[PDB]
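[1] Fold the following for me, if possible:
(chains A and B, ligands or ions: 2)
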Amino acid sequence: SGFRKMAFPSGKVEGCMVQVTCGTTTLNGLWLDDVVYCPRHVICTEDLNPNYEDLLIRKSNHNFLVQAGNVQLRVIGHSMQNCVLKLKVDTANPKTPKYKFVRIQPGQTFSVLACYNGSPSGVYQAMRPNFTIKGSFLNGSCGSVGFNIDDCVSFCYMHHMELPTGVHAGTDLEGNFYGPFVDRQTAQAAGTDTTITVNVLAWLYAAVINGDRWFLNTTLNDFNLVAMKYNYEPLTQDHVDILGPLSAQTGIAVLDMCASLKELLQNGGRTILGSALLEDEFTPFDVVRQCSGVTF
Amino acid sequence: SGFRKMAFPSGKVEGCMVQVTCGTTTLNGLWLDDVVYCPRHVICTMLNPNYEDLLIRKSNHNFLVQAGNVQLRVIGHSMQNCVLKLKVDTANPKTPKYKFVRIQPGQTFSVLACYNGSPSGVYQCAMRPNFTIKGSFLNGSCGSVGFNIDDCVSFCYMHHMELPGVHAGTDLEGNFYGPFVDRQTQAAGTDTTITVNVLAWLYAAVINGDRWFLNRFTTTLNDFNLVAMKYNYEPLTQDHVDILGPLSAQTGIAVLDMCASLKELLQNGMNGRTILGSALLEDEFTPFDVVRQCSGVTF
Ligand SMILES: *C(=O)c1ncc(Br)cc1OCc1ccc(Cl)c(Br)c1
Ligand SMILES: *C(=O)c1ncc(Br)cc1OCc1ccc(Cl)c(Br)c1
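    Numbering: from 1, shown residues only, chains lettered A, B, ... in the order given. Ligands and ions are numbered 1, 2, ... in the order given. Take a look at the structure below.
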């Protein structure tokens, strides 16, 4: 029993972290087969408005110092795919897990292995609707990755920057930014964020599953009118079918839970799962995984 | 920037996790060198088990130890306090540098939750003052361990049981934390808040820009402690004050000043405001935890 914010076991990703060095700038990289992936701004020196194509031309393999623990690795080719730099090394990573690269959707969750100088510092478990993440990232963490595990690791996130507002932005493993952000040190606006409605519902189920039922007691269209006032993501029929298994195990219909949430937004000093705010960083899949103890 | 509850990277502990089966019972074990450690109730068919006389009826080959796909051969078995020790014929090639430590109430650690010898997830926990842990443990999780990392892994906790709904267990020598025993029958203490941790978390908040709670008062260790008692908070000691030094100097706020701010939050409540994204006072970060995260300690 009990319910915690749970990250995936991180060992399979630890053996993929490397230190990437270019000039003074060093950051974290991801060594998979014979390729090291890292943020392209590792080639940035005073360069606010980097012309990355121009900058990468001034650069040669020799200027790329990749360190895998102690041992250095030889760079034998380099390229830019959108905002990631791909450094072809001559040794395939022997600790390479089965993996895929994936682009997740707003509201889905993943584990971040926060890393500095190619070495793991900690791991924690959402992509916000506005495509930021509320993480814990210090200067030097660039290149840390987010991932889910299915024995196969789905890499979904590579950390690129700390925004002035204290939230963080990055790319999938093909270098496409999540959200409107660019890899320039300029002021950049994130959207209005919203609360992830189907995740809050999922967490209300985890609450019932763990014995916290006091919030129990509407219709889809009635609900979206109240949720829009409180800055909640609209709830779609897809979201309702996603919550189906939790409804089945609890015996509480999806639109009943939505009625419970309506009253919760209108009225508010009690706790739910020992929190005094509504949590939206648990997906329905997260709730099922933890409450039925999926292993890897 | 930002501040999360952060667990240690779990890979070194992942390579030590095994499955241990005895009759109808399967749980997790910790395999370091040529020894596997697991809860002794692995041999229980409970309510009031006579553990010595249940161990009598057991031989080495009654213990199935599985490491991934490999079967290990059990050449010895003994019981130390509430853990069972199983000698196997093959040292664990992946044994990290490790120590066994008994931690103190209010210290934190990472739990690698496990089923059938396989990991499910990792989360950061604190030993409550009543020596329970508010974990996430389903049936089968017994044997999962809690740890801190220094490249050395110090194991502090092994999961044993769910009380009627928090969690109880032992250090790696099999001594329970708290007054608990391994029978299905038990009242935990009164759970106080861990004051030095709440203080450190207020320091973390200040470091991250949340300063609205900073007040115009000071107080005294004794004046503060009187209020701590009233609100079921742990007494604050000079040792706690000295542990807060680095955070006091980094932020330039006297510990006793932070204490006065906390006194105002305890007496006036929070008024629907939040601190570091939480609308409660958090006490599962140690001063060390705050420092490691804010400075980026690696392993
Ligand atoms: C990012 O975390 C990072 N990591 C290592 C080093 Br050395 C420097 C870093 O920040 C540089 C940086 C460049 C461009 C942007 Cl947009 C940001 Br935000 C940070
Ligand atoms: C506990 O995690 C566990 N795991 C697998 C199996 Br099979 C049985 C388990 O516990 C049963 C049990 C024995 C003794 C106590 Cl004191 C408790 Br709670 C549970």
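
[2] how many neighbours does the residue of the stretch 151-296 of chain A found nearest ligand 2 have?
    Residue of the stretch 151-296 of chain A nearest ligand 2, by CB to the nearest ligand atom: residue A:293 (10.4 Å). The C-beta positions use only the backbone N, C-alpha and C, and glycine is treated the same way. Residues lying near residue A:293 (other CB atoms under 10 Å in any protein chain shown) number 20.

[3] Identify the residue nearest the residue in chain A sticking out farthest from the centre in space, chain neighbours excluded?
    Outermost residue of chain A with respect to the C-alpha centroid, by CA atoms, centre = their mean, is residue A:217; its distance is 34.1 Å. Sequence neighbours aside, residue A:260 is the residue nearest to residue A:217 in space, at 5.8 Å (criterion: CB to CB, 6 or more residues apart in numbering or on different chains).

[4] Kindly indicate whether that neighbour is helix, strand or coil.
    The three-state label given to residue A:260 by DSSP: H, G, I helix; E, B strand; the rest coil is helix.

[5] you'd agree the residue farthest from the centre of chain A is up against residue A:259?
    Yes. In terms of CB atoms under 8 Å, residue A:217 counts as a neighbour of residue A:259; the distance is 6.3 Å.

[6] Which residues are in contact with residue A:121?
    By CB atoms under 8 Å, 6 or more residues apart in numbering or on different chains, the residues touching residue A:121 are A:114, A:115, A:141, B:6, B:9, B:292, B:296, B:297, B:298, B:299.

[7] mind redoing it with 7 Å?
    Counting by CB atoms under 7 Å, 6 or more residues apart in numbering or on different chains, residue A:121 makes contact with A:114, A:115, B:296, B:297, B:298, B:299.

[8] returning to that earlier point: so the residue farthest from the centre of chain A, which state does it fall into?
    At residue A:217 the chain is in coil, as set by three-state DSSP.

[9] For the closest residue to chain B within chain A, which non-adjacent residue is spatially closest?
    Nearest to chain B, among the residues of chain A, is residue A:11, at 2.9 Å (CB to the nearest CB). Among residues not flanking residue A:11 along the chain, residue B:11 sits closest, at 2.9 Å (CB to CB, 6+ apart).

[10] re earlier: A strand includes the residue of the stretch 151-296 of chain A closest to ligand 2, no?
    No. Going by three-state DSSP, the assignment for residue A:293 is coil, not a strand.

[11] Name the residues of the lengthiest strand in chain A that come out as buried.
    In chain A, taking DSSP state E as the definition, the longest strand is strand A:153-162. Burial within strand A:153-162, assessed by neighbour count using 16 or more other CB atoms under 10 Å in any protein chain shown, is assigned to A:153, A:154, A:155, A:156, A:157, A:158, A:159, A:160, A:161, A:162.

[12] cool, and stretch A:145-154?
    Going by neighbour count (16+ other CB under 10 Å), the buried part of stretch A:145-154 is A:145, A:146, A:147, A:148, A:149, A:153, A:154.

[13] How far away from the center of its chain is that stretch?
    Computed by CA atoms, centre = their mean, to the nearest Å, the chain-centroid distance of stretch A:145-154 equals 11 Å.

[14] does any part of that stretch sit near ligand 1?
    No. Stretch A:145-154 stays clear of ligand 1 (CB under 6 Å from any ligand atom), getting no nearer than 12.5 Å.

[15] gap between the two ends of that stretch?
    10 Å (CA to CA, to the nearest Å).

[16] Same question for stretch A:87-101.
    For stretch A:87-101, the first-to-last residue distance is 17 Å (CA to CA).

[17] Show me how far that stretch is from its chain's centre.
    Its chain's C-alpha centre and that of stretch A:87-101 lie 21 Å apart, by CA atoms, centre = their mean.

[18] Next, the buried residues of it.
    Using 16+ other CB under 10 Å as the burial criterion, the residues of stretch A:87-101 that qualify are A:87, A:89, A:93, A:96, A:97, A:99.

[19] same deal with stretch A:185-196?
    Neighbour counts using 16+ other CB under 10 Å place A:190, A:193, A:194, A:195, A:196 of stretch A:185-196 among the buried residues.

[20] and what of stretch A:281-296?
    Neighbour-count burial for stretch A:281-296, counted by 16+ other CB under 10 Å, picks out A:281, A:282, A:283, A:284, A:286, A:287, A:288, A:289, A:290, A:291, A:293, A:296.

[21] what number of residues lie near whatever residue of the stretch 1-150 of chain A ends up closest to ligand 1?
    Nearest residue of the stretch 1-150 of chain A to ligand 1, counting by CB to the nearest ligand atom: residue A:142, 2.6 Å away. Neighbour count for residue A:142, taken as other CB under 10 Å: 27.
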